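Colleague: Chains as they are written, first to last, in the authors' numbering: chain E, 4 to 57; chain G, 52 to 221; chain Y, 2 to 55; chain C, 220 to 343, 365 to 380.
Yeah, the Cβ is synthetic: ideal placement off N, Cα and C, and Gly gets one too.
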Amino acid sequence: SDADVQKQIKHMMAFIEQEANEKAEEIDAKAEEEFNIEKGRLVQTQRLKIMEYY
Amino acid sequence: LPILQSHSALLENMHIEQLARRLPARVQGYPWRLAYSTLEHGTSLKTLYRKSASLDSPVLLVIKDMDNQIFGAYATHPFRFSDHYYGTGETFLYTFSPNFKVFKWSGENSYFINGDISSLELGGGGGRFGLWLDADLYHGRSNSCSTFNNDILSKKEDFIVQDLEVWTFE
Amino acid sequence: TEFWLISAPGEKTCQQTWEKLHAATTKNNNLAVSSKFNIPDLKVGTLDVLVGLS
Amino acid sequence: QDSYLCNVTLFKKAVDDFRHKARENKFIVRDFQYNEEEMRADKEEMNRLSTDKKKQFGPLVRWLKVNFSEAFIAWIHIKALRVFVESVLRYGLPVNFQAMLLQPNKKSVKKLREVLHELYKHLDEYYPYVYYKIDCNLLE
Numbered sequence: 004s005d006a007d008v009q010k011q012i013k014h015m016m017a018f019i020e021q022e023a024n025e026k027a028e029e030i031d032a033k034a035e036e037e038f039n040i041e042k043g044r045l046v047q048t049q050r051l052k053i054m055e056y057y
Numbered sequence: 052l053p054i055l056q057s058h059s060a061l062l063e064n065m066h067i068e069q070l071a072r073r074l075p076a077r078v079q080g081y082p083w084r085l086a087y088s089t090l091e092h093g094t095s096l097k098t099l100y101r102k103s104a105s106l107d108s109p110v111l112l113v114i115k116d117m118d119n120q121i122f123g124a125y126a127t128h129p130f131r132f133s134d135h136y137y138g139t140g141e142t143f144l145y146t147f148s149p150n151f152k153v154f155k156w157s158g159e160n161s162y163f164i165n166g167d168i169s170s171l172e173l174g175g176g177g178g179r180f181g182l183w184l185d186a187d188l189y190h191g192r193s194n195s196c197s198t199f200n201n202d203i204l205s206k207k208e209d210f211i212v213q214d215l216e217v218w219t220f221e
Numbered sequence: 002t003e004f005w006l007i008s009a010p011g012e013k014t015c016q017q018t019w020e021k022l023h024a025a026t027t028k029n030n031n032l033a034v035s036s037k038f039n040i041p042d043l044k045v046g047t048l049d050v051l052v053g054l055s
Numbered sequence: 220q221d222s223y224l225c226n227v228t229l230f231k232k233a234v235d236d237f238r239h240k241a242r243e244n245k246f247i248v249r250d251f252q253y254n255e256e257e258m259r260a261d262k263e264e265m266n267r268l269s270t271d272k273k274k275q276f277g278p279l280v281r282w283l284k285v286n287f288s289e290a291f292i293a294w295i296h297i298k299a300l301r302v303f304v305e306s307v308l309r310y311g312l313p314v315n316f317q318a319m320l321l322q323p324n325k326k327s328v329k330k331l332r333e334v335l336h337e338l339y340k341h342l343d365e366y367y368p369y370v371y372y373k374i375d376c377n378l379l380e
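1) Contact check, C/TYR369 vs Y/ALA24 under 8 Å by CB: the rounded distance?
2) Please state if the CB of G/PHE130 and the CB of G/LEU144 are separated by a distance shorter than 8 Å.
3) Does the separation of the CB atoms of G/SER195 and G/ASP187 fall below 8 Å?
4) So, are the CB atoms of C/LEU321 and Y/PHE4 less than 8 Å apart?
5) Name the one or two DSSP bridge partners that Y/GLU3 has.
6) Would you list the one or two residues that DSSP bridges to G/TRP183?
7) Quick check: is the beta carbon of Y/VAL34 nearer than 8 Å to any beta carbon in chain E?
8) Apply the 10 Å Cβ neighbour rule to C/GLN317 and answer buried if 16 or more other Cβ atoms are within range, or exposed otherwise.
9) What are the boundary residues of the beta strand (DSSP E) that includes C/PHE276?
10) Who are the neighbours of E/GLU36 on chain Y, taking C-beta pairs under 8 Å?
11) Can you name the start and end residues of the beta strand (DSSP E) that Y/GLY46 belongs to?
12) Distance check for G/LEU61 and G/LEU85, CA to CA, integer angstroms please.
13) According to DSSP, simplified to helix, strand and coil, what is G/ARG84?
14) Should G/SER197 and G/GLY166 be called a contact, given that it needs their Cβ atoms to be closer than 8 Å?
15) Any beta-carbon of chain E closer than 8 Å to the one on G/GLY166?
16) Is the Cβ-Cβ distance between G/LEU96 and G/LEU171 less than 8 Å?
17) Mind checking whether G/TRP83 and G/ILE54 have CB atoms under 8 Å apart?
18) Specify, as a first and last residue, the run of the beta strand (DSSP E) that G/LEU144 falls within.
19) Does any CB atom of chain C fall closer than 8 Å to the CB of E/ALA17?
20) In chain E, which residues lie less than 8 Å from Y/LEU48 when you measure between Cβ atoms?
21) Mind listing which residues of the region 286-310 of chain C have their C-beta closer than 8 Å to chain Y's C-betas, in chain order?
22) Is the separation between the beta-carbon of Y/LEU51 and that of C/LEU308 shorter than 8 Å?
23) DSSP three-state label for E/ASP31, please.
Below you can see the structure in the form of structure tokens.
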């Protein structure tokens, strides 16, 4: 019983740490993706308005 | 051996031979059907999305600019509106410069295809795009991007579309 | 022609488990030719995913 | 070898009377009426099909030899999921396992089965380890 509950608690701890590492991996990836998207859209929009004014 | 198209106003047997040798096993031996053409369906990005919205197969983008240079992309998934990048690493950029060159995925990142309401773009790696086209299919741009490590696809970084076709393999 | 895929934990590390089996089955008793199989670092889901996948 | 084909000519009514009484006399009316378009068409078609079969065969064999490769490659990737997933279920959650490919020698199967059992029985058809078989007798 109670040592095997502690084994299950250790499996739960491993799942918690693993899925926390996956959430860090996902959010760090989606940060760099949305940096590429937002920078690219923002420069390309303003650059093209300047191009027509001149 | 030159593949069985239903038409084309941009391409020629010089280009069809050199393309049919590069396309992935996924489309080797299929007939090419014209999904969209600025020279037949009228010129807008909303039309290019609307005509692509029923597909479930790869496509070949073909562009001709105001310098008559032919370039484009082979894209594993249809051009559609998206909030994030999509497509898979068999996607590639190509250009007749006048040599045929092809820039297959470098392995560096997965920024293949994206499509806002007001532009369509391929590649990534900073503020760079391998190809970008505006809502009117009038202005566009190409820079070296780290997804493909391409050369500048047109003669100039900034180009004007003379006409554009999207083929599909069905 | 027939192959068996197997997989086993690294008894402390991966290399040990392969060498130990290869010694027994391939070096000594010559019952089968054998080599490593190169599955990549696939991204795990939560437990309720994997029990569906199997 | 058994029989001969011949003309008869008659008044246009008599076809039914004739073909009936011919069948009563065991003479067999070969039900055909001339049209040169159709007599040309037979000679077109058995050449045409013999031609179109040769047009299609080449592309069909290239399509099969390519899409057997693409469907075979897809099969080995599903084994590589199944070994992964089951090794994540049947061993501890911190991923530390090796997948191995074994190719058994002729008649040697029992000794190998016994050796694997001896190597892994402490982890407790069924086996005390992750296992899948890849066949290659595709032609049955």
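Modeller: In short, the structure shows the following:
1) Taking the first residue of the fourth sequence as position 1, residue 369 of chain C is located at position 129. Taking the first residue of the third sequence as position 1, residue 24 of chain Y is located at position 23. With 8 Å as the limit, C/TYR369 and Y/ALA24 do not qualify as a contact, their Cβ atoms being about 17 Å apart.
2) Within the second sequence, residue 144 of chain G is the residue found at index 93, counting from 1. Within the second sequence, residue 130 of chain G is the residue found at index 79, counting from 1. In this structure, G/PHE130 does not lie closer than 8 Å to G/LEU144 by Cβ.
3) For the purposes of this step, residue 195 of chain G is identified with residue 144 of the second sequence, where counting begins at 1. For the purposes of this step, residue 187 of chain G is identified with residue 136 of the second sequence, where counting begins at 1. Not a contact, by the Cβ cut-off of 8 Å.
4) By 1-based counting over the fourth sequence, the position of residue 321 of chain C is 102. By 1-based counting over the third sequence, the position of residue 4 of chain Y is 3. Yes, Cβ-Cβ distance for C/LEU321 and Y/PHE4 is below 8 Å.
5) Taking the third sequence and counting its residues from 1, the one referred to as residue 3 of chain Y is at position 2. According to DSSP, Y/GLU3 bridges with C/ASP375.
6) For the purposes of this step, residue 183 of chain G is taken as residue 132 along the second sequence, with counting starting at 1. DSSP, once it has assigned bridges, lists G/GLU172 and G/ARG192 as partnering G/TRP183.
7) Along the third sequence, one-based indexing puts residue 34 of chain Y at 33. False, the Cβ-Cβ gap to chain E never drops below 8 Å.
8) What you label residue 317 of chain C is simply residue 98 of the fourth sequence in a count that begins at 1. Classification of C/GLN317: buried, given that the 10 Å Cβ count is 16 or more.
9) Your numbering for residue 276 of chain C matches position 57 in the fourth sequence. Unbroken run through C/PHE276 is the alpha helix (DSSP H), 255-309; no beta strand (DSSP E).
10) The count along the first sequence starts at 1 and reaches residue 36 of chain E at position 33. Those do not exist, as E/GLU36 stays about 16 Å from chain Y at its closest Cβ, beyond 8 Å.
11) Translated into the one-based positions of the third sequence, residue 46 of chain Y becomes position 45. Here Y/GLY46 belongs to no beta strand (DSSP E), and DSSP marks it neither H nor E.
12) Sequence index remark: in the second sequence, residue 85 of chain G carries index 34 (1-based). Sequence index remark: in the second sequence, residue 61 of chain G carries index 10 (1-based). Taking the straight line joining both Cα atoms gives about 12 Å.
13) Translated into positions along the second sequence, residue 84 of chain G becomes position 33. Strand, per DSSP.
14) The residue given as residue 197 of chain G occupies position 146 in the second sequence. The residue given as residue 166 of chain G occupies position 115 in the second sequence. Cβ atoms of G/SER197 and G/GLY166: not closer than 8 Å.
15) The residue you call residue 166 of chain G lines up with position 115 of the second sequence. For G/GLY166, the answer is no, since every Cβ of chain E falls outside 8 Å of its Cβ.
16) Counting from one through the second sequence, the residue named residue 96 of chain G turns up at place 45. Counting from one through the second sequence, the residue named residue 171 of chain G turns up at place 120. Yes, these two residues count as a Cβ contact at 8 Å.
17) For this step, residue 83 of chain G is matched to residue 32 along the second sequence. For this step, residue 54 of chain G is matched to residue 3 along the second sequence. In contact: G/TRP83 and G/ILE54 (Cβ atoms closer than 8 Å).
18) Taking the second sequence and counting its residues from 1, one reaches residue 144 of chain G at position 93. In this chain, the beta strand (DSSP E) harbouring G/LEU144 covers 143-147.
19) Taking the first residue of the first sequence as 1, we reach residue 17 of chain E at position 14. Proximity of E/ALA17 to chain C, defined by a Cβ-Cβ separation below 8 Å, is satisfied.
20) Residue mapping note: residue 48 of chain Y aligns to position 47 of the third sequence, counting from 1. Near Y/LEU48 (Cβ distances below 8 Å), the residues of chain E are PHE18.
21) Here the close residues are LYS298, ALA299, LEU300, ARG301, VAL302, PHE303, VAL304, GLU305, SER306, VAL307, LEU308 and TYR310.
22) Residue numbering aside, residue 51 of chain Y sits at position 50 when the third sequence is read from its first letter. Residue numbering aside, residue 308 of chain C sits at position 89 when the fourth sequence is read from its first letter. Yes. Within cutoff.
23) As a working note, residue 31 of chain E is residue 28 in the first sequence. E/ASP31 falls in the helix class under three-state DSSP.
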